[PDB]
Amino acid sequence: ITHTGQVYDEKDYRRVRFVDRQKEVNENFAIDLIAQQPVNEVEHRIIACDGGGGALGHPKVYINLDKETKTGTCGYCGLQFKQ
Amino acid sequence: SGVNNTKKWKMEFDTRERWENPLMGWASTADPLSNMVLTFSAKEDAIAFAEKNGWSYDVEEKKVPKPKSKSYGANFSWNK
Amino acid sequence: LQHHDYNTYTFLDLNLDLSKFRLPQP
Amino acid sequence: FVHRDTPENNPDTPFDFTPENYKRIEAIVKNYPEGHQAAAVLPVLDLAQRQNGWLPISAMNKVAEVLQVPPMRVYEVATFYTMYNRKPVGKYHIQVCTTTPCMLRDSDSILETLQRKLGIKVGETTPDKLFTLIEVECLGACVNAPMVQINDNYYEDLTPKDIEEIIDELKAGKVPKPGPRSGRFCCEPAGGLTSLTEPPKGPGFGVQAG
Amino acid sequence: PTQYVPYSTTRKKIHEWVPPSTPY
Amino acid sequence: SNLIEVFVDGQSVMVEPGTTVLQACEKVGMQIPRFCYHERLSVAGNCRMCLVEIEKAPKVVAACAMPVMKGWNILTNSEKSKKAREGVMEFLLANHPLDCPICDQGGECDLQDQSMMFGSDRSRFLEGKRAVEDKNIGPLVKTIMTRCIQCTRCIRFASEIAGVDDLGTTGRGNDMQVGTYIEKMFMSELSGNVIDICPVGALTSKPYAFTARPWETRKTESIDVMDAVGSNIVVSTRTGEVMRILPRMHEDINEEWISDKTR
Amino acid sequence: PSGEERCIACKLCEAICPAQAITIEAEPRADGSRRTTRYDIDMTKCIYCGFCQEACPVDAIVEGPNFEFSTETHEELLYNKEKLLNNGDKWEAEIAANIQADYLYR
Amino acid sequence: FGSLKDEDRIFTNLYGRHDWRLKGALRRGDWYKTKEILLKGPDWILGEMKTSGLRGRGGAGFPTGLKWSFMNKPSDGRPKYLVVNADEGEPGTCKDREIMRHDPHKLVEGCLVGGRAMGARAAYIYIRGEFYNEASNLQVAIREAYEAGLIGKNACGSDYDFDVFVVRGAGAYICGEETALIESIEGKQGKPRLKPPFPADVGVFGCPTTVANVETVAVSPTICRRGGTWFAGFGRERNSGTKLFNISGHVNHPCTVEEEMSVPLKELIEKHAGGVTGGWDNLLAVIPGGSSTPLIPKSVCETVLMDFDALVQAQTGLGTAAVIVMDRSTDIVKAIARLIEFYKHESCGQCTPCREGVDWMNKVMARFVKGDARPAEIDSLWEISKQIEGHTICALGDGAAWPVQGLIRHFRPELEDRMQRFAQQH
Ligand SMILES: Cc1cc2nc3c(=O)[nH]c(=O)nc-3n(C[C@H](O)[C@H](O)[C@H](O)COP(=O)(O)O)c2cc1C
Ligand code: SF4
Ligand code: SF4
Ligand code: SF4
Ligand code: SF4
Ligand code: FES
Ligand code: FES
Ligand SMILES: [Zn+2]
């Protein structure tokens with residue numbers, strides 16, 4: 001159901017709660033949204049990742065897209081960068 | 001590697017039940033004296049607090065790092 | 001023109017030749 | 001600085017010192033103090049480089065084996081020094097000195113000429129795998145500034161054209177008169193020998209008493 | 001410009017041994 | 001006999017000949033800010049974050065290294081030994097990747113504190129940063145080594161406390177990366193201690209990757225039952241489930257180290 | 001924008017909350033990234049200080065403009081990650097405009 | 001006042017001109033009083049250098065006699081050793097390449113003359129690996145000498161025993177450092193050791209060891225043959241003796257002349273070598289001791305005399321005495337910039353200050369050459385410069401800071417204009 005698949009179960013004593021009232025779950029789960037994000041190709045060995053917008057983005061981090069074997073992923077945006 | 005939190009003695013009450021809460025899954029505790037840790041400068045003073053307040057105590061001796069001899073020249077010894 | 005021509009092993013092989021002269025080890 | 005095993009550069013490439021090489025190996029050890037072999041890793045690593053320029057991961061493991069040292073110990077030595085090459089090296093492997101002394105005396109000048117002659121970027125091997133150009137740092141011999149060391153040849157005082165001439169010599173034929181292609185012997189004031197133009201005093205000249 | 005229900009979203013912290021359904 | 005008298009800010013402590021300047025400050029009670037110096041690991045002098053100023057001396061000395069001599073008064077809070085720390089911390093931080101909200105050694109950082117107490121209010125490194133390539137050291141230690149301050153305590157422990165002799169420095173300059181040259185996992189018992197001994201959060205624990213953050217963890221001191229050495233350990237519990245078990249020092253039994261099994 | 005929730009579970013929003021309102025527990029998502037399994041703001045506990053808005057490095061938790069969220073039952077006021085993320089999606093356009101207007105000041 | 005006589009010039013075989021080999025060396029009479037000297041005593045040899053008051057011929061200047069005196073203390077059961085560093089990574093030090101290549105023998109007897117002074121069991125010569133051909137020359141020379149029996153056990157028909165070895169360098173400037181030469185000799189990575197355990201007490205293979213610039217070892221025999229006084233007279237006060245001077249860059253005839261020390265800087269380009277290319281007024285600056293020492297602008301050049309202390313008074317170091325000259329035709333901002341590039345490609349990275357600091361100055365210096373950086377940054381570089389000067393484990397960080405300090409000290413207006421130039425074109 002939800003992000004980490006919370007599933008109060010058919011036998012749980014808590015699934016009682018939703019009776020006559022819906023559960024809060026999310027469409028466009030994020031888990032798949034960045035996976036849906038194209039790999040940002042770059043020329044330089046290392047690249048930055050302001051998160052987009054500087055102050056409005058995230059701590060600026062420099063990722064080492066040095067091995068095509070792996071597309072660097074800024075630990076903050078989950079954006080893969082293709083050397 | 002800082003040692004500024006290994007200076008003052010503390011006496012801490014025994015840990016008690018921490019059952020999960022059914023509605024939100026938050027930890028729930030029925031023991032009032034759980035989060036209380038009083039800080040006492042010396043072993044003698046802390047023992048006194050337990051005796052007059054009537055709580056049972058089991059003091060643990062301070063164990064401080066033993067002096068260790070170090071010298072940059074010593075490891076350069078091919079011999080050993 | 002000795003400087004002008006030497007082989008890749010000149011240093012090492014020459015040394016080995018000198019080994020006999022080399023005084024006993026510690 | 002990471003050896004990602006590759007079919008070419010990985011231990012499948014067996015390495016072993018030629019019967020002649022192994023000989024060289026041992027004498028070196030004795031050069032160093034007895035009970036001390038580890039000290040010979042560099043000199044040995046150098047003979048692995050003498051054997052083969054590539055010196056792959058397999059070769060370093062053998063070095064550690066022959067020298068009975070932690071393998072990493074050899075890996076650290078190879079990575080620290082520029083003399084060792086952990087990647088294939090061009091037959092000629094020219095290196096151009098570009099520190100300020102040579103640059104002030106035009107070192108950069110030479111570079112442009114060599115890139116065009118080899119018809120290749122600076123830092124990689126020619127397709128013919130004939131020459132490899134690299135911008136190395138001070139190689140000593142500054143008095144003669146324009147300079148390009150080629151497998152120890154250490155040509156010196158070279159004007160752009162001279163190199164093209166040298167490269168051609170390398171491209172067809174061999175041993176292109178390595179050295180200062182100038183008219184000054186070793187290092188000498190181009191004017192002459194102001195330092196000592198007289199004859200050298202003989203043995204026991206003005207030897208102080210006592 | 002030109003009723004919710006609260007719940008814990010975490011998993012089971014302490015998984016529980018299940019008895020063998022094979023009788024012995 | 002064998003008791004020199006050295007002054008730490010004029011406190012006339014007396015120390016056996018051969019005690020380091022850092023050690024002299026310890027008995028008075030002062031702490032030299034230190035990285036790359038661990039009590040049971042060899043002195044290396046890599047960081048030089050411990051530069052202090054012996055009185056009447058032209059240059060500042062390396063605390064962890066200089067054997068204190070006769071009657072040299074250490075000035076640990078001078079106007080100089082603070083510019084010798086305000087300027088080193090400038091450097092460690094300059095090439096550092098600011099992912100402190102990723103670095104799970106968030107509150108367990110001996111590099112933010114020393115910055116936050118002995119370092120500088122602001123940065124002047126308007127230039128660009130460096131990045132190294134994360135590799136695999138095994139299934140227990142996550143080496144996000146772009147964090148590494150090249151303090152060489154791992155290479156020591158991995159050679160001196162444990163006899164692995166695998167981890168080593170590779171290269172020179174600002175791209176000296178302290179990782180295995182070929183990717184061979186660091187498989188040995190005593191392996192997890194590297195986590196505890198790297199003050200930076202470059203290599204940390206992979207299971208306890210992001211489950212917690214240290215201020216929250218309630219710490220109860222208990223005993224190792226997995227093995228019969230009975231190593232002392234601290235069980236870090238949050239809201240009632242154990243989150244990590246890390247070593248607590250017992251001179252005689254486990255002196256700051258615990259097995260890969262019991263953590 | 002891409003669709004990846006901003007929070008990276010550094011959990012200092014929990015540290016600086018004066019009322020102990022925010023409860024966060026996290027684990028590495030399969031992607032390998034760091035995300036919060038449970039983020040629960042107890043709004044009845046919250047005193048709307050706005051420090052969480054302040055503290056977040058990625059600025060994932062924000063004080064949204066809406067003030068009209070009065071609820072019939074006490075449980076509705078307790079908010080888990082899904083309600084807040086849903087609240088975030090609904091008011092993102094205005095939240096973005098508001099942060100746009102005030103970020104130079106901060 | 002320089003102008004040393006050819007006779008006094010110790011390295012006659014300089015420039016070759018005389019068989020570098022033994023028979024040329026015998027006509028040189030380099031092995032003339034070797035048996036006598038060793039016979040006199042180790043104490044007699046150190047008396048000779050103490051009287052000479054010779055200063056270190058390598059970049060660092062220290063009394064040579066006192067340094068050798070330190071390991072003259074009684075052996076503690078570990079063999080004492082001699083290490084001769086023929087590495088000269090510093091730009092403009094083709095100074096040593098001469099003695100090694102042209103007059104290998106002088107250094108061979110320098111080694112044994114020096115050896116009995118310290119009672120060294122054996123001497124290892126670390127010639128930079130770059131010089132492969134150079135190595136070929138010395139061991140040919142070393143081989144000759146033993147064949148003669150000049151070196152080896154019972155060397156020179158005397159009780160004393162010595163063995164001389166040559167070690168391959170591997171293209172590292174830092175290998176040159178005294179504690180790091182040892183580690184390369186030891187076979188570990190070339191990373192300077194720390195200062196407290198002085199190389200006398202600990203050292204190569206952990207035995208007592210001493211390190212000398214090849215010029216320092218080579219001048220030993222003569223200093224003993226000619227006596228400390230003869231040598232002592234040429235120098236100035238603490239400064240003393242002739243030291244080879246290499247002039248490279250923007251001079252009509254760049255050459256290494258062993259003319260006397262205490263030479264007016266204006267005189268050595270004007271009188272020997274070649275007058276500054278383009279005229280003595282076409283001198284934007286002079287690098288007296290090589291890249292490590294700060295450059296001095298023409299303003300003081302003429303007044304300056306080439307001595308270890310002289311340059312000190314001047315805020316610069318005699319160092320390797322490598323004179324690098326820059327005409328008014330050079331972008332100094334870029335000249336010094338490549339020396340910082342020279343040091344980022346070379347420092348070991350063992351110590352935090354040098355590792356990040358030298359890279360930090362390299363990044364700022366490259367921006368300075370472009371002029372992209374603002375005028376205020378200049379002072380920071382200075383401030384960054386002294387953080388690295390006093391905090392480094394070895395002297396290379398000492399060395400990286402000085403050229404940066406020199407550029408700001410005398411050429412601050414030019415860098416500001418490069419600052420200004422870029423700001424104007426936007
Ligand atoms: C980075 C660095 C590089 C050095 N390179 C050399 C060198 O190439 N040759 C040399 O003789 N000394 C070099 N030195 C100085 C040596 O460490 C040592 O002080 C000197 O060789 C001693 O010679 P002397 O005492 O006879 O003058 C270097 C020092 C440093 C810090
Ligand atoms: S180590 Fe982790 S926590 Fe300590 S500073 Fe670097 S990033 Fe922030
Ligand atoms: S890993 Fe941790 S310990 Fe090993 S060097 Fe980098 S920082 Fe020092
Ligand atoms: S909300 Fe902002 S602060 Fe609280 S955890 Fe997620 S990111 Fe860190
Ligand atoms: S300064 Fe620090 S880094 Fe630069 S060389 Fe000497 S030790 Fe290695
Ligand atoms: S810099 Fe080119 S040889 Fe000295
Ligand atoms: S702590 Fe002073 S040397 Fe690392
Ligand atoms: Zn990002």
# chains A, B, ... in the order shown; residues from 1 in each chain; ligands from 1
$ residues_near_ligand --ligand "ligand 3" --cutoff "7 Å" --atoms "only C-alpha atoms and all ligand atoms" --output "PDB file with N, CA, C and O atoms, in the first residue's frame"
ATOM      1  N   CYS F  36      44.244  11.459  13.838  1.00  0.00           N
ATOM      2  CA  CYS F  36      45.391  10.617  13.401  1.00  0.00           C
ATOM      3  C   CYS F  36      46.213  10.192  14.613  1.00  0.00           C
ATOM      4  O   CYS F  36      47.202   9.470  14.428  1.00  0.00           O
ATOM      5  N   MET F 145      34.201   7.065   1.023  1.00  0.00           N
ATOM      6  CA  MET F 145      35.501   7.739   1.222  1.00  0.00           C
ATOM      7  C   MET F 145      35.668   8.902   0.262  1.00  0.00           C
ATOM      8  O   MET F 145      36.311   8.695  -0.743  1.00  0.00           O
ATOM      9  N   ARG F 147      34.901  11.328   2.135  1.00  0.00           N
ATOM     10  CA  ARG F 147      34.902  11.916   3.488  1.00  0.00           C
ATOM     11  C   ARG F 147      36.316  11.907   4.154  1.00  0.00           C
ATOM     12  O   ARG F 147      36.695  12.860   4.822  1.00  0.00           O
ATOM     13  N   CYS F 148      37.081  10.861   3.847  1.00  0.00           N
ATOM     14  CA  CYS F 148      38.456  10.693   4.380  1.00  0.00           C
ATOM     15  C   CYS F 148      39.351  11.914   4.557  1.00  0.00           C
ATOM     16  O   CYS F 148      39.576  12.613   3.562  1.00  0.00           O
ATOM     17  N   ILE F 149      39.883  12.132   5.761  1.00  0.00           N
ATOM     18  CA  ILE F 149      40.839  13.252   5.975  1.00  0.00           C
ATOM     19  C   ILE F 149      42.257  12.701   5.948  1.00  0.00           C
ATOM     20  O   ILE F 149      43.128  13.318   6.576  1.00  0.00           O
ATOM     21  N   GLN F 150      42.478  11.606   5.229  1.00  0.00           N
ATOM     22  CA  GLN F 150      43.818  10.992   5.102  1.00  0.00           C
ATOM     23  C   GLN F 150      44.536  11.062   6.447  1.00  0.00           C
ATOM     24  O   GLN F 150      45.629  11.631   6.487  1.00  0.00           O
ATOM     25  N   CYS F 151      43.945  10.477   7.496  1.00  0.00           N
ATOM     26  CA  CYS F 151      44.533  10.515   8.857  1.00  0.00           C
ATOM     27  C   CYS F 151      45.271   9.216   9.129  1.00  0.00           C
ATOM     28  O   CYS F 151      45.859   9.117  10.202  1.00  0.00           O
ATOM     29  N   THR F 152      45.228   8.262   8.205  1.00  0.00           N
ATOM     30  CA  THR F 152      45.963   6.977   8.323  1.00  0.00           C
ATOM     31  C   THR F 152      45.793   6.216   9.632  1.00  0.00           C
ATOM     32  O   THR F 152      46.705   5.480   9.963  1.00  0.00           O
ATOM     33  N   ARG F 153      44.662   6.325  10.321  1.00  0.00           N
ATOM     34  CA  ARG F 153      44.450   5.479  11.521  1.00  0.00           C
ATOM     35  C   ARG F 153      43.911   4.126  11.050  1.00  0.00           C
ATOM     36  O   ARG F 153      44.150   3.133  11.721  1.00  0.00           O
ATOM     37  N   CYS F 154      43.209   4.104   9.941  1.00  0.00           N
ATOM     38  CA  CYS F 154      42.772   2.837   9.466  1.00  0.00           C
ATOM     39  C   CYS F 154      44.015   2.065   9.101  1.00  0.00           C
ATOM     40  O   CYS F 154      44.243   0.981   9.628  1.00  0.00           O
ATOM     41  N   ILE F 155      44.868   2.628   8.262  1.00  0.00           N
ATOM     42  CA  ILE F 155      46.026   1.838   7.754  1.00  0.00           C
ATOM     43  C   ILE F 155      46.835   1.353   8.950  1.00  0.00           C
ATOM     44  O   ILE F 155      47.399   0.265   8.861  1.00  0.00           O
ATOM     45  N   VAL F 178      42.952   6.524   0.567  1.00  0.00           N
ATOM     46  CA  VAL F 178      43.399   5.402   1.445  1.00  0.00           C
ATOM     47  C   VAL F 178      42.453   4.209   1.277  1.00  0.00           C
ATOM     48  O   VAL F 178      41.765   3.862   2.246  1.00  0.00           O
ATOM     49  N   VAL F 194      37.366  -0.423  12.541  1.00  0.00           N
ATOM     50  CA  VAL F 194      37.692   0.702  11.616  1.00  0.00           C
ATOM     51  C   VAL F 194      36.592   1.768  11.698  1.00  0.00           C
ATOM     52  O   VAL F 194      36.953   2.937  11.818  1.00  0.00           O
ATOM     53  N   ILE F 197      36.969   3.903  14.651  1.00  0.00           N
ATOM     54  CA  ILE F 197      38.293   4.480  14.790  1.00  0.00           C
ATOM     55  C   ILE F 197      38.507   5.559  13.734  1.00  0.00           C
ATOM     56  O   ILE F 197      39.319   6.459  13.923  1.00  0.00           O
ATOM     57  N   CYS F 198      37.765   5.498  12.642  1.00  0.00           N
ATOM     58  CA  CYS F 198      37.761   6.592  11.685  1.00  0.00           C
ATOM     59  C   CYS F 198      36.944   7.749  12.251  1.00  0.00           C
ATOM     60  O   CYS F 198      35.711   7.624  12.327  1.00  0.00           O
ATOM     61  N   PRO F 199      37.548   8.871  12.655  1.00  0.00           N
ATOM     62  CA  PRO F 199      36.735   9.937  13.266  1.00  0.00           C
ATOM     63  C   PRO F 199      35.781  10.559  12.282  1.00  0.00           C
ATOM     64  O   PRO F 199      34.682  10.984  12.661  1.00  0.00           O
ATOM     65  N   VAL F 200      36.204  10.659  11.032  1.00  0.00           N
ATOM     66  CA  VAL F 200      35.336  11.010   9.934  1.00  0.00           C
ATOM     67  C   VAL F 200      34.363   9.870   9.666  1.00  0.00           C
ATOM     68  O   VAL F 200      34.597   8.713  10.035  1.00  0.00           O
ATOM     69  N   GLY F 201      33.239  10.206   9.037  1.00  0.00           N
ATOM     70  CA  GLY F 201      32.239   9.215   8.694  1.00  0.00           C
ATOM     71  C   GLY F 201      32.388   8.713   7.276  1.00  0.00           C
ATOM     72  O   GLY F 201      31.400   8.429   6.591  1.00  0.00           O
ATOM     73  N   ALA F 202      33.635   8.625   6.818  1.00  0.00           N
ATOM     74  CA  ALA F 202      33.912   8.167   5.463  1.00  0.00           C
ATOM     75  C   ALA F 202      33.486   6.731   5.284  1.00  0.00           C
ATOM     76  O   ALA F 202      32.632   6.420   4.445  1.00  0.00           O
ATOM     77  N   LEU F 203      34.092   5.845   6.046  1.00  0.00           N
ATOM     78  CA  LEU F 203      33.672   4.459   6.144  1.00  0.00           C
ATOM     79  C   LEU F 203      32.937   4.314   7.464  1.00  0.00           C
ATOM     80  O   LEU F 203      33.490   4.613   8.530  1.00  0.00           O
TER      81      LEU F 203
END
$ residues_near_ligand --ligand "ligand 2" --cutoff "6 Å" --atoms "only C-alpha atoms and all ligand atoms" --output "ChimeraX atom specification"
/F:98-100,103,105-106,109,111-112,147,200-201
$ residues_near_ligand --ligand "ligand 5" --cutoff "10 Å" --atoms "only C-alpha atoms and all ligand atoms" --output "PyMOL selection string"
(chain F and resi 45-48+172-174) or (chain H and resi 173-175+177+179-180+190-194+343-344+346-358+388-389+391-400)
$ write_last_selection --atoms "N, CA and C atoms" --output "CSV table (one decimal), in the first residue's frame"
chain,number,residue,atom,x,y,z
F,45,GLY,N,51.4,11.7,12.9
F,45,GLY,CA,51.7,13.1,12.6
F,45,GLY,C,51.0,13.6,11.3
F,46,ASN,N,50.2,12.8,10.7
F,46,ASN,CA,49.6,13.2,9.4
F,46,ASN,C,48.8,14.5,9.5
F,47,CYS,N,47.8,14.6,10.4
F,47,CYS,CA,46.9,15.8,10.4
F,47,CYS,C,47.7,17.1,10.9
F,48,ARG,N,48.6,17.0,11.8
F,48,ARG,CA,49.2,18.2,12.4
F,48,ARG,C,48.1,19.3,12.9
F,172,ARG,N,49.9,10.3,-4.5
F,172,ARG,CA,50.4,11.4,-3.7
F,172,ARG,C,49.6,12.6,-4.1
F,173,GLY,N,49.8,13.8,-3.4
F,173,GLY,CA,49.1,15.0,-3.7
F,173,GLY,C,47.7,15.0,-3.0
F,174,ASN,N,46.8,15.8,-3.5
F,174,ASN,CA,45.4,15.8,-3.0
F,174,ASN,C,44.5,14.7,-3.5
H,173,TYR,N,60.5,14.6,-6.3
H,173,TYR,CA,61.2,15.8,-5.7
H,173,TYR,C,61.4,15.6,-4.2
H,174,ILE,N,60.3,15.0,-3.6
H,174,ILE,CA,60.3,14.8,-2.1
H,174,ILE,C,61.2,13.7,-1.7
H,175,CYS,N,61.5,12.8,-2.6
H,175,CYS,CA,62.5,11.8,-2.2
H,175,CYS,C,63.7,12.5,-1.7
H,177,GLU,N,64.0,14.9,0.3
H,177,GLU,CA,64.0,15.3,1.7
H,177,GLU,C,64.8,14.3,2.5
H,179,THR,N,64.5,13.0,5.6
H,179,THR,CA,63.9,11.8,6.2
H,179,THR,C,63.2,10.9,5.2
H,180,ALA,N,63.0,11.5,4.0
H,180,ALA,CA,62.3,10.7,3.0
H,180,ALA,C,63.2,10.0,2.1
H,190,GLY,N,57.8,7.2,-0.3
H,190,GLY,CA,58.7,8.3,0.0
H,190,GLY,C,58.0,9.4,0.8
H,191,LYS,N,57.8,9.2,2.1
H,191,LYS,CA,57.0,10.2,2.9
H,191,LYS,C,57.9,10.6,4.1
H,192,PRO,N,58.2,11.9,4.2
H,192,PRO,CA,59.1,12.4,5.2
H,192,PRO,C,58.8,11.9,6.5
H,193,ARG,N,59.8,11.5,7.3
H,193,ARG,CA,59.5,11.1,8.7
H,193,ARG,C,59.4,12.4,9.5
H,194,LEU,N,59.0,12.2,10.7
H,194,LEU,CA,58.9,13.4,11.6
H,194,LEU,C,60.3,13.8,12.2
H,343,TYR,N,54.4,21.9,-7.3
H,343,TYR,CA,54.3,21.4,-6.0
H,343,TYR,C,53.0,20.6,-5.7
H,344,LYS,N,51.9,20.8,-6.4
H,344,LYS,CA,50.7,20.0,-6.3
H,344,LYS,C,50.9,18.6,-7.0
H,346,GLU,N,53.5,17.2,-6.9
H,346,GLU,CA,54.7,16.5,-6.2
H,346,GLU,C,54.7,16.3,-4.7
H,347,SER,N,53.9,17.1,-3.9
H,347,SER,CA,54.0,16.9,-2.4
H,347,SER,C,53.4,15.6,-2.1
H,348,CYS,N,54.0,14.9,-1.1
H,348,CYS,CA,53.5,13.5,-0.7
H,348,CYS,C,52.1,13.4,-0.2
H,349,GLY,N,51.5,14.5,0.4
H,349,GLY,CA,50.1,14.5,0.9
H,349,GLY,C,50.0,13.9,2.3
H,350,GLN,N,51.2,13.5,2.9
H,350,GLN,CA,51.2,13.0,4.3
H,350,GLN,C,50.6,14.0,5.2
H,351,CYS,N,50.9,15.3,5.1
H,351,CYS,CA,50.5,16.3,6.1
H,351,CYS,C,49.3,17.2,5.6
H,352,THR,N,48.3,17.4,6.4
H,352,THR,CA,47.1,18.2,6.0
H,352,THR,C,47.5,19.6,5.5
H,353,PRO,N,48.2,20.4,6.2
H,353,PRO,CA,48.5,21.6,5.6
H,353,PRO,C,48.9,21.6,4.2
H,354,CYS,N,50.1,21.0,3.9
H,354,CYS,CA,50.6,20.9,2.5
H,354,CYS,C,49.6,20.4,1.5
H,355,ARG,N,49.0,19.2,1.8
H,355,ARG,CA,48.1,18.5,0.9
H,355,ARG,C,47.0,19.4,0.3
H,356,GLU,N,46.1,20.0,1.2
H,356,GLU,CA,45.0,20.8,0.7
H,356,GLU,C,45.5,22.3,0.5
H,357,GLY,N,46.5,22.7,1.3
H,357,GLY,CA,46.9,24.1,1.1
H,357,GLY,C,47.6,24.3,-0.2
H,358,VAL,N,48.5,23.5,-0.6
H,358,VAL,CA,49.2,23.7,-1.9
H,358,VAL,C,48.2,23.6,-3.0
H,388,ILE,N,50.4,27.4,5.8
H,388,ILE,CA,51.2,26.3,5.3
H,388,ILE,C,52.7,26.4,5.7
H,389,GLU,N,53.2,27.6,5.8
H,389,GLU,CA,54.6,27.7,6.1
H,389,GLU,C,55.1,27.2,7.5
H,391,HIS,N,53.2,25.1,9.6
H,391,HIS,CA,52.5,23.9,10.1
H,391,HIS,C,52.9,22.6,9.4
H,392,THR,N,53.7,22.7,8.3
H,392,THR,CA,54.1,21.4,7.6
H,392,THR,C,55.0,20.5,8.3
H,393,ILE,N,54.9,19.2,8.1
H,393,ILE,CA,55.8,18.1,8.6
H,393,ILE,C,57.2,18.3,8.0
H,394,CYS,N,57.3,18.6,6.7
H,394,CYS,CA,58.6,18.8,6.1
H,394,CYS,C,58.8,20.2,5.7
H,395,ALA,N,59.9,20.5,5.0
H,395,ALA,CA,60.1,21.8,4.5
H,395,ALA,C,59.4,22.2,3.1
H,396,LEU,N,58.9,21.2,2.4
H,396,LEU,CA,58.3,21.5,1.0
H,396,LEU,C,57.2,22.5,1.2
H,397,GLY,N,56.4,22.3,2.2
H,397,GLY,CA,55.2,23.2,2.5
H,397,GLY,C,55.9,24.6,2.8
H,398,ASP,N,57.0,24.5,3.5
H,398,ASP,CA,57.8,25.8,3.7
H,398,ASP,C,58.1,26.4,2.3
H,399,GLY,N,58.7,25.6,1.5
H,399,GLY,CA,59.0,26.0,0.1
H,399,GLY,C,57.9,26.4,-0.8
H,400,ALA,N,56.7,25.8,-0.7
H,400,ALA,CA,55.6,26.2,-1.6
H,400,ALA,C,55.1,27.6,-1.2
$ residues_around --residues "range 8-21 of chain E" --least-positions-apart "2" --cutoff "8 Å" --atoms "only C-alpha atoms" --output "list in words"
residues 2, 4, 5 and 6 of chain A; 23, 24 and 25 of chain B; 6 and 23 of chain E; 241 of chain F; 25, 37, 38, 80 and 81 of chain G
$ closest_atom_pairs --of "chain F" --to "chain G" --cutoff "10 Å" --atoms "only C-alpha atoms" --output "CSV"
residue,atom,partner,partner_atom,distance
F:99,CA,G:57,CA,9.7
F:100,CA,G:10,CA,8.3
F:101,CA,G:10,CA,4.7
F:102,CA,G:10,CA,6.6
F:103,CA,G:10,CA,8.6
F:104,CA,G:10,CA,8.2
F:106,CA,G:10,CA,8.4
F:206,CA,G:28,CA,9.5
F:207,CA,G:28,CA,9.1
F:208,CA,G:27,CA,8.5
F:209,CA,G:28,CA,6.9
F:210,CA,G:27,CA,5.3
F:211,CA,G:27,CA,5.0
F:212,CA,G:25,CA,6.8
F:213,CA,G:11,CA,7.2
F:215,CA,G:15,CA,8.1
F:216,CA,G:15,CA,8.3
F:238,CA,G:25,CA,9.6
F:239,CA,G:25,CA,9.9
$ select_by_dssp --residues "range 80-190 of chain D" --states "helix (DSSP H, G or I)" --output "PyMOL selection string"
chain D and resi 80+100-104+107-118+160-171
$ residues_around --residues "residue 16 in chain G" --least-positions-apart "6" --cutoff "12 Å" --atoms "only C-alpha atoms" --output "VMD selection string"
(chain F and resid 215 to 216) or (chain G and resid 10 22 to 23 46 49 to 56)
$ interface_residues --of "chain A" --to "chain B" --cutoff "10 Å" --atoms "only C-alpha atoms" --output "PyMOL selection string"
chain A and resi 13-14+17
$ residues_around --residues "residue 2 in chain G" --least-positions-apart "2" --cutoff "9 Å" --atoms "only C-alpha atoms" --output "list in words"
residues 30, 33, 34, 36, 37 and 77 of chain A; 4 and 5 of chain G
$ residues_near_ligand --ligand "ligand 8" --cutoff "8 Å" --atoms "only C-alpha atoms and all ligand atoms" --output "PyMOL selection string"
chain A and resi 48-52+57-61+73-79
$ closest_residue --among "F:134, F:16, F:165, F:189" --to "chain B" --atoms "only C-alpha atoms"
F:16
